[PDB]
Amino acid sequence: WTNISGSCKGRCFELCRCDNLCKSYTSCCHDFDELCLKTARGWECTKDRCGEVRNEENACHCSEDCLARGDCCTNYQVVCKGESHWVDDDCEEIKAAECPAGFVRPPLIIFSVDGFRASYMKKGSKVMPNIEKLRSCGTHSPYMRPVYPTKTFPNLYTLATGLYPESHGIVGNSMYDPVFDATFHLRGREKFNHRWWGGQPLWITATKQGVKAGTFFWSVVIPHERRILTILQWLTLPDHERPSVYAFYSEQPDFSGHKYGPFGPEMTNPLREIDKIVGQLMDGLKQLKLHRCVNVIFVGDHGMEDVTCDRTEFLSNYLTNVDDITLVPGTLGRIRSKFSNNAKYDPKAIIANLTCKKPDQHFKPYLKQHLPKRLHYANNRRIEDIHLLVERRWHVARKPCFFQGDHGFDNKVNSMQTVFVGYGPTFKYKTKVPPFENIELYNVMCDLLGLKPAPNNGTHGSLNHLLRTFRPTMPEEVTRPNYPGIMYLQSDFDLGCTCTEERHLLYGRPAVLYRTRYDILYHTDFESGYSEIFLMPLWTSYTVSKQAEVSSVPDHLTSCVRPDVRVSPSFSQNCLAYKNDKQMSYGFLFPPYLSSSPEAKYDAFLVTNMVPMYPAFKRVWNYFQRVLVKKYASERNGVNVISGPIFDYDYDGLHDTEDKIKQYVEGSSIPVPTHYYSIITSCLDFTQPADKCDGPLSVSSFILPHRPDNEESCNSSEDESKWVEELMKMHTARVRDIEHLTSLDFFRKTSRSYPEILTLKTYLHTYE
């Protein structure tokens, strides 16, 4: 209960209740609506109202005293004192923060916009003149990549925390938690309960370190114009109460985008309306002389794609009993049993029945651990085991148009990409930066406010090139390598088997960042870090020049496997284990096919180059190694390739210890990888060959799932040239994803600054 006879006079939107959540499922004071939500005579002055008698019933004021009180209309001195709009002024550089004396730091305003597709910036100064001036005058990128699923709640909270949805808990707009036995929905009281929201959002991080925060939630009752005036009012408060971080949120252009689709003619007016709101903010900041003091982030949560009811796949066309499953539908699918203790429910049968039933099926089923690792969408009990990736432009529903637009698809889809602009004293002047992921902004926003960020999934230092003015450190090597010479006789081995750095290790040896034991093994054509714990290489580095020749293996040397005299028999694999395992075969990390001579080819058959590989996966690996590596080398002027295994049985995106591994080669202690990776590097200046590179690097990487069939690839019955490249692209990855998965640290000795290397490690080759 609260005594609502108490007033909100002189405390509207305070930091009885008068806060932004008091209309949600609480209760405001009796005069909240009268005092705080005044809408009389609009949000703009006229020549008629200039120097008028002050009326407290007005929404904003044009009287002579309004400036000292800090509640002028945003255009007051434009209309009444003959000043120009902020937009009409010439672009002047801010070489330092021009804040009133008393300010301890420049303020940050985060202007978030729902469903702002990246291609909307193409409209230009005709439709959005304020946003366009912010973009051209400040720091900007072509786009910003959201997280998966590309929905509002997961992305806005990712922006707040720097965390993947699996880690912060908001894995969807809709979700079920089986420990709570409760459902989160866009509509309802449940979403306000704190138990759903993990991590530490920017506003808590700020408050804990002595920095006051504005509201990061506005009620839908409060109009957009009031929100701006509230922020401007808070900026005029005294030094003890004045916040340093502020947020604005708009539900446009999302709401319109759903109705009319991203390229509808009706989209123009919503964009005009948003820019009108941005113009009020900049004009109001100019009135306060804070227009060269505040840092402003214009950011979206995701894009928008053409979707209609005609393009709906129905699960009832694939499964028999759709009345026994619950489906979270639309631009993604999540399937679970409707009733617990249902013996008729079979997950394998559901996945089999959804797998490659038509030539042109517009979704694909996955167990969540088999999803592309770049999505980081497994490690949460709120994410269901069965997942459907839906093809762009389509929906999935259970069984059988108001809307023309939707989103939520795979976060590398062009139409899901969104927007970023940074403008102010701490952002650079007229600078263009490469695309980046929204997980990185938490760290930047902490830097901008002088805060120590909480542990997050950004790579602190990767966005230093956005700011005019944090120094990142390279991690400490935990285990030093051994460099074994010849230590064992050929006759010491009973494995049942029968029969450099300047060229092949260009960017230093990788640093092992966990406690283990491993050997560096040199060869003519390749180098490797051989693990005596996991009985295979952690990594294998080799360089293929532009004009390198692919030979083949002679018929008699097909099953050649040789003991390596530098490694003990008891820390080596054996062929007998592979003969006994009916389901498992083996492959090589450096391919025999790319040997520089017949003599060197014998090094590639060493037991220390061998790795366990299902026959179905060898179809993928042989095509990658024999055909594609030469093709990449030809096209990129040679390539350096680093390949190795990944073990992630608990699908948490992090390198497994020994106890997490659930699958070994039959009757052995040879662990089976869940995935295989490659990091393919060359010169960005493609006129220089990869081994003699002067400038910036170019990188692409993948994390291929190590699966005993090719059920993911619908054309796998065809030749590898019809389906393998398509599989690899789907599983593209940042080098940083591989570092988490292996506890390795790559690119430790280059000619580039460490900040530029962290940008390189966060790059995703999207193929879009």
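Quick note: we count residues from 1 along the sequence shown, nothing fancier.
In this entry, residue 15 and residue 16 are separated by 4 to 9 residues of the deposited sequence that lack coordinates. Unmodelled deposited residues between residue 499 and residue 500: 10 or more, per the record.
The mean Cα B-factor in the deposited entry runs higher for 236-244 than for the other of 367-375 and 236-244. A summary of the deposited B-factors shows that, of 695-703 and 35-43, the stretch with the larger mean C-alpha value is 35-43.
Set against one another, the Cα B-factors of 471, 140, 407, 523 in the record reach their highest point at 471. Highest C-alpha temperature factor among 398, 358, 212, 393 per the entry: 358.
Sort the chain's modelled residues by C-alpha temperature factor and residue 582 lands in the highest third, per the entry. For residue 3, the recorded CA temperature factor ranks within the highest third of the chain's modelled residues. The entry lists a Cα temperature factor for residue 421 that places it in the lowest third of the chain's modelled residues.
When the modelled residues of the chain are ordered by C-alpha B-factor, residue 132 sits in the middle third. Ranked within its chain, residue 759 lands in the lowest third, by CA B factor from the PDB record.
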